[PDB]
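Below you will find one chain, with nothing else, as structure tokens; this is the form deposited in one PDB entry, and questions on how it binds or moves follow later.
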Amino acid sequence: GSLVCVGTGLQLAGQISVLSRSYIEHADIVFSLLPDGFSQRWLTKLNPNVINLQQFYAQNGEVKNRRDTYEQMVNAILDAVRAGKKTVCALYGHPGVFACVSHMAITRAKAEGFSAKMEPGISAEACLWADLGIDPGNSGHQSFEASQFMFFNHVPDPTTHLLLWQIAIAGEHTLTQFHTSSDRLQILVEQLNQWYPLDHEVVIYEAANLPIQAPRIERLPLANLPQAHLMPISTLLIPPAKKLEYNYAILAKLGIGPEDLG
């Protein structure tokens, strides 16, 4: 048995890499986590032996800690590998970006003596740079899980493009609900106000999943975030609040100044 984790990207059918599609094609069994029924149909046509990982999420109002959901997904994948199957895990996006299940399964498979690897894919953030016409290198980039930004000590650089992922569950500390409350988002606004003014224009971004669909690109002042409509897939982009300023200390040690820059 062996494990290969691949990503399918965000867009139906065409955003998977050529090699990643061939892995799906030739698998004994595929464990999937895909955005919708169109994507599920496409996968099933590629390889009919599919187990849908969506089944491990809380059903019908059940209280279930997402740590248990993830543990159950990893165990299901590993049960196929342990049985001797040439196993592929097909996740949306990139299988290792804001996605613990593939890293955990690869770690556990290697510890038990099996071959396991991860193929890169196109993430929501890769889609954002394209759709918004922004280069993360322009003034640099920072990414955090929104709840981690609230629960732990993180300090953003306000010259960079800042991304808060999983904004729809910001501050949802139990890992048992699917969305947060407006009061939690208000606290996040107050926290960000250490670096960003309340009227600072931010962007709610959602990558499209169908070829006929435009991405969501909603611009609004930071103050209005707690009233906005958010979905689990939403990401909050916070553009720079200041422009790049010259680092005179280092320029001197280098023996140059601004006027010397090419």
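Each form is matched to the other, and the largest set of C-alpha atoms that superpose within 1.5 Å is called the rigid core. The numbering used is simple: start at 1 and walk along the sequence shown. Shifts are known only where both forms have a C-alpha.
Keep in mind the form deposited in another entry is missing from the figure; the text below concerns it.
Residue among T159, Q177, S115, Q186 with C-alpha shift of 2 Å or more between the shown form and the other one, core superposed: C-alpha shift of at least 2 Å: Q177.
Direction of Cα pair change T176-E190 in that other deposited form, magnitude 3 angstroms or more: They are closer; the C-alpha distance drops by 3 Å or more in that other deposited form.
Change in CA distance between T180 and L164 in that other deposited form, which is 3 Å or more, as closer or farther: It is farther: the C-alpha separation of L164 and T180 rises by at least 3 Å in that other deposited form.
Moved residue ranges in sequence order between the shown form and the other one, Cα 2 Å or more, at least 3 long, core fit: When the rigid core is held fixed, residues 137-139, 174-180, 257-259 are the runs that shift.
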